[PDB]
């Protein structure tokens, strides 16, 4: 993968090129207002060392931070999300994989249309990387999910169990 981050809007200002995970952009970039993704799927992070608000970017050009749904121009670390050959996630009504369960292998823009629960209290990412969104149609707070067990919503870094949509991390 390759991403170019720019300090100012419309691909102007001081810039920095990443080919891999960077836990600390602070010495190189004082803010980020535009970005060009040549290749790979990237997660940008408000704070250093992959913490604070998260933003998913794919191949393409972002002329201002609003285009990746950024709330500010703070980008202090970034992750190249590894390629996955296949995608499967189980969502559960309750903590520790109890209650009603639904399994997805494809993107879902409205979770409540398939699974009549506003809150997801645990999930199992069996295959691939996903992005959980707080709201329907891929809006609100974003949480990157990599393969693993998530026995409660804190495990995916959320302050609540609100989930409205989710998407596979895929290029194409």
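Positions refer to the first chain, counted from 1.
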| query | finding |
| --- | --- |
| Entry-level comparison of average CA B-factors, 113 to 121 and 60 to 68, reporting the higher stretch | 113 to 121 |
| Which of 150 to 158 and 5 to 13 has higher mean CA B factor, as the PDB entry lists it | 150 to 158 |
| Among 54, 137, 49, 36 - the residue whose C-alpha B-factor is largest in the record | 137 |
| Third of the chain's Cα B-factor distribution that residue 100 belongs to, per the entry | middle |
| Chain-wide C-alpha B factor ranking for residue 94, given as lowest, middle or highest third | highest |
| Entry-reported Cα temperature factor of residue 77, expressed as the chain third it lands in | lowest |
